[PDB]
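A lone chain, given as structure tokens: the form deposited in one PDB entry.
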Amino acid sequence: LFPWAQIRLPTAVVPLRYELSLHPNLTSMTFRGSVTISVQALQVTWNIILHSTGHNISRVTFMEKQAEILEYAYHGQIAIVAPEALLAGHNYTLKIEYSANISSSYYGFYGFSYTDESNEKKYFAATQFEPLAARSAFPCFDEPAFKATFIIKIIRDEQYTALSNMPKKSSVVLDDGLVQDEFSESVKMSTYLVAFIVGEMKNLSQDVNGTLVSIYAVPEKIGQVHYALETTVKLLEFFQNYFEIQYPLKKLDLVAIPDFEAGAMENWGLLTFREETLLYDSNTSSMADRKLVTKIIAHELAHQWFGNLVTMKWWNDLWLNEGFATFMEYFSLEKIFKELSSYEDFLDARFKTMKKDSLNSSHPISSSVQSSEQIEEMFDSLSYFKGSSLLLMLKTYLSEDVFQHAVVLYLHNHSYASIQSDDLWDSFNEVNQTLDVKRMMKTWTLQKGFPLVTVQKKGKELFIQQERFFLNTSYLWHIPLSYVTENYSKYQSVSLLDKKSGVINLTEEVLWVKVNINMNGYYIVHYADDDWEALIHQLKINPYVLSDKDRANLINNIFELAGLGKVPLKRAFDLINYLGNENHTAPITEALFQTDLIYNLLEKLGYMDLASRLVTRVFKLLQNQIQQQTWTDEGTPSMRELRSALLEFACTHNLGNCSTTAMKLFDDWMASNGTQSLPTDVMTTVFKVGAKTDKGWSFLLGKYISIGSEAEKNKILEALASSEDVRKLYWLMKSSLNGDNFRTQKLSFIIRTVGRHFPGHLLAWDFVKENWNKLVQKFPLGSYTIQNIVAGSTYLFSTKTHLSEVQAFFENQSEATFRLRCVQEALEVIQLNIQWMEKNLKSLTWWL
């Protein structure tokens, strides 16, 4: 029987080089493998323990002597019983011939089908091994810490272009007709980043510093790829220069996989992407589409250094490389594509991370992983964005040049190595001398949530106090504290608060103070009574004495504290009274977000008139801006992003000029059979307005089912779901669940849109209750999809009756179903809504 019994593999045997040959028939979903694993023992062992799942092994041989396999499916491991005691430092070669099936679950070595522009059934195969799927494709030591070289050999038919990490060495025609493609030996790399593609593609290539960058897409979609290649070159030159370590490989391939459930990964030389995420069109694709494609290439590019070159010893440190890439996603962009204004997106991404972090349901970023399912739990965007946030707090604290130095030093000292997060902190610790220890970053990582810094200005000294930001414990953080002050003197400095209480002596007496410049520090600031009123006043006099980043932080910070009671809700609306003099998109959108949250929460309770007073108040503040808005695309990215916001708010709440302009624009587009171009920044608005009439709805539906453009399709879906006809709404969720007119993938987005407004509110949660089993069958538990379905449907419930109902439903399923992340998070949200209403509903009547 099997000898080793543990999740992780023994440290005795170590892989050096991998010789993998695969013959996959794409029409059928089978593949014949041949793995020659060249290892070296370090400890005296009689057996080799490594991973293997869906494999029917023909002959297993140790080297020439045929060995034997032992099985352990619980850990997904296999054992080879050696004829001799494997001696220390001795190289050994182990061959395994196997039979396996090409995956359908879009995981590991997967396969699918599609229809060409010529309407011909075409086959395609690809890989997605992160975190534990490499073992399904080939028997191997599937652990990141087990870096080795890879010689990959793929047998394929003529029509198909076979791809892999490294460049192709030789393509030889076999006697059966099939071509055997051989690939250059890989650099020292972990099993998970190993990739191989088999598909009928076309290319778009641009050479740089001998390294050939190419974009692989389906021949019918090789026209939209043009922007992506141009972007990749720019960012590759940026990264190679920033990190000061040249890109290792002689090729860099980015690939648009022709499926919507495609596995998008940072594969070393074979960057995978869902077809849609790279298709940019300079004439139609909006600012949302330019920023999205630009963000994705930059993310999977920063991974080539932070995740491929320098790899984590184990998954418990995944937040580091995913956090580092997400920071380079926003960093590199503000350096080379400065006009995009991608900081605004990071600022909003940060704001959301903070609300999900404030919850008792929150989890600390640095947490030890041992369980099989605990590894897939590390794949949440919360850890990635909090991780990215604390690298911004670090980068802003110590110089931009001091930060880069430690980055270059870490990548050099760890090139082709496996690390623990602390090794980046150590690389930082060499500040030219060792100033502060990295127990600071350990306060942030090791404990859940973030802090509330309480400022009190008394003359020339500002009394600072920190505490756990909780909604309702001895929590202590090491916080850098940036701050700007005002005979019109603009002074800014930084201070480290390591203790529960502190103070900052000022050079001169100042009128206003704003702690946390551009919110760069992952915290919420609460000023004392007269200090809130100081900024509130200044915002009304001249707000430009502060940045848009600084301004939107006060808007978010006042509106968060208003929920928790440290500030009354009247003060939140007293701050935003300055909006009549706001022209920069970042604060305007944060206000509109905040106000829309209060609106819907109120509306769902049925305070329809009070809720409308909230929107007539906000409209009266954004009236000039709303009136000044042009129904075009002529403007800077941030300015056309503002256009979309302002026109979506006024048209949603049917405010003066709006609806009629959109309705006129809609009727014209309809008469023209949808052939007459509409500005993209007004598209969704005009569509939403038009779907409010049976004729327009039936028209839009008919265009959604016909059109090519997925970006336009999404805008049509959002519109069709914004309708007030509950029968139309129900049918959408029904038809999407069956995959009738809409893919099951767009279902979550529908349920989220349906339940956002009064007609479909109860309907969406009813749908989640009645189709729970079908939903759980189609999307597994813990799935991103099932987590937004429960959040989308329940979030706007603000009654004890609703809380009892949500709780009762989730108990009646399973005890494992009630004790879930998304369930216990949703129930915590309804409770907080119940609380926000008891604190803040009373007053409202009298002042809105």
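When you see a residue number, it is the position in the sequence shown, counting from 1. If you superpose the two forms and keep the largest set of C-alpha atoms that fall within 1.5 Å, you have the rigid core.
Notably, residue 771 is never a gap: all other compared entries of this protein, restricted to those modelling both its neighbours, have coordinates for it, so the one-third criterion is not met. In none of the other PDB entries of this protein that model the residues around it does residue 161 lack coordinates, well short of a third.
In terms of unmodelled positions of the deposited sequence, the stretch from residue 472 to residue 473 in this entry skips 4 to 9 residues. The segment from residue 63 to residue 64 is interrupted, since 4 to 9 residues of the deposited sequence in that interval carry no coordinates.
When the mean C-alpha temperature factors of 636-644 and 174-182 are read from the deposited coordinates, 174-182 comes out higher. Taking the PDB entry as given, 47-55 carries the higher mean Cα B factor of the two stretches 47-55 and 794-802. Within the listed group 578, 379, 559, 109, the record reports its top CA B-factor for 379. Going by the entry's values, 436 shows the largest Cα B-factor out of 436, 142, 548, 322. Annotation for residue 616: C-alpha temperature factor in the lowest third relative to the rest of the modelled chain, per the entry. When the modelled residues of the chain are ordered by their C-alpha B factor, residue 810 lands in the lowest third. Placement of the Cα temperature factor of residue 294 within the chain: lowest third of the modelled residues, per the deposited record. Residue 27: CA B factor in the highest third of modelled residues in this chain (values from the PDB entry). When all modelled residues of the chain are sorted by CA temperature factor, residue 817 is found within the highest third.
Heads up, the form deposited in another entry isn't pictured, but that's what we're talking about next.
Superposing the rigid core between this form and the one not shown leaves a single residue from 762, 81, 605, 610 with a C-alpha shift of at least 2 Å: 81. With the core superposed, residue 122 shows a C-alpha displacement of at least 2 Å between this form and the one not shown. Relative to the superposed core, residue 29 undergoes a Cα shift of 2 Å or more between this form and the one not shown. Once both forms are fitted on their core, a CA shift of 2 Å or more is seen for residue 274 between this form and the one not shown.
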